[PDB]
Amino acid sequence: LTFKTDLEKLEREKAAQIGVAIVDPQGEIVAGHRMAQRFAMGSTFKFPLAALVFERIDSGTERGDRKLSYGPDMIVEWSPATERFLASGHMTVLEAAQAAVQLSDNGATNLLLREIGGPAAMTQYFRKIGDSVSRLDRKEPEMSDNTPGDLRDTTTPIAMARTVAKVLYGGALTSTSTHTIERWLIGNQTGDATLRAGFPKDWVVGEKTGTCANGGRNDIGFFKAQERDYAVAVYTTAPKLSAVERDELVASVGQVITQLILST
């Protein structure tokens, strides 16, 4: 079946909605499905947050090894690294960013939000890099609440895919910072069952997951199919599936993407 009809089959059979955008390195459209529907970002915003931090490192307005001190008040739902570093009393800017990206650590994310000026500063960065759509309104985990219809804390697949491409391929960061964030995405610890489970094993893949209440399951990042680079954003809503079934839904989207790319 076509890309569109195979996604529609998943939607119908799983009682789900699937938002997908694939763009080339310059943000030119390759494929999409519900690509301009808004979906709750959940933790997918942590990748753009890390990019914001690297832009500040590149400009000299932040220093990666600067120590960010905190107390037990910064431990929130799912803060595995922040909990381990708590007794020491700090994480560096870079430790926190890497934990946010690779573990989806919420405390580490909020520690960075404290330093940059909160959700308003995240939104300002999206605007700066040409994304007029994505918006961070709240810190974690409440930003992942995904109340039906709420436009707070949302993006669209196409806006987010274009943001990913800007960061990885469009010169938003220096070559060193770009390579570092790319490696963080490849080494993500939370995506083994989602998109990259649906891609060929020789593709170079890096991504950042999200999970939202009310059935949100998301995965954004890049893949390089031999020499060809792509940015991808997948947002799904499936209120009646189990958590494992939602992982499998996203992996299935990965397969549908692959069938398209291999068509070619």
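Residues carry their position along the shown sequence, with the first being 1.
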| item | value |
| --- | --- |
| Entry-level comparison of average CA B-factors, 32-40 and 219-227, reporting the higher stretch | 219-227 |
| Comparing 126-134 with 100-108, the one whose average Cα B-factor in the PDB entry is higher | 126-134 |
| Out of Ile116, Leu86, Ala165, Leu185, highest CA B-factor residue | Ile116 |
| Identity of residue with top Cα B-factor, from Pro157, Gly191, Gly71, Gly149 | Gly149 |
| Chain third (lowest, middle, highest) by recorded CA B-factor, residue given as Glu207 | lowest |
| Where the record places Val232 (Cα B-factor, split into thirds across the chain) | lowest |
| Position of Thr92 among the chain's modelled residues by C-alpha B-factor, lowest, middle or highest third | lowest |
| Assigned third (lowest, middle, highest) for the C-alpha B factor of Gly254 | middle |
| Ranked against its chain, the third holding the CA B-factor of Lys46 | lowest |
